[PDB]
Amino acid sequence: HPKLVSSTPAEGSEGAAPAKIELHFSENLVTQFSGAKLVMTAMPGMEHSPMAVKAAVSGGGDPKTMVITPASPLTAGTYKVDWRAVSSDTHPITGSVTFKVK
């Protein structure tokens, strides 16, 4: 049962639009099974049903890191990254990271 140790953007961060989103876990991820979806849950001034933003997901420089690369620049608003992490123990762990763009 791997744990999300940290991320950039960090949970609850509000700032610049990220070129890539890094999720750092407590255990080495098995890439074939670990995934993420990026959704926008609000624009400034108005919440909306989650709208899936095109993104690619891959491994980073470290086996414990999952990288989400939006296909395009993220506009101002609120986003969530819904993640699934699987290590060598085979248990699928899910969670979400929420952050805001300026």
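Counting begins at 1, following the sequence as shown.
Averaged over their C-alpha atoms, the temperature factors of 47-55 and 61-69 are higher for 61-69. Compared with the other modelled residues of the chain, the Cα B-factor recorded for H24 ranks in the highest third. Among the modelled residues of its chain, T31 has a C-alpha B-factor that falls in the highest third, as given in the PDB entry. Ranked by C-alpha B-factor against the other modelled residues of its chain, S87 falls in the middle third.
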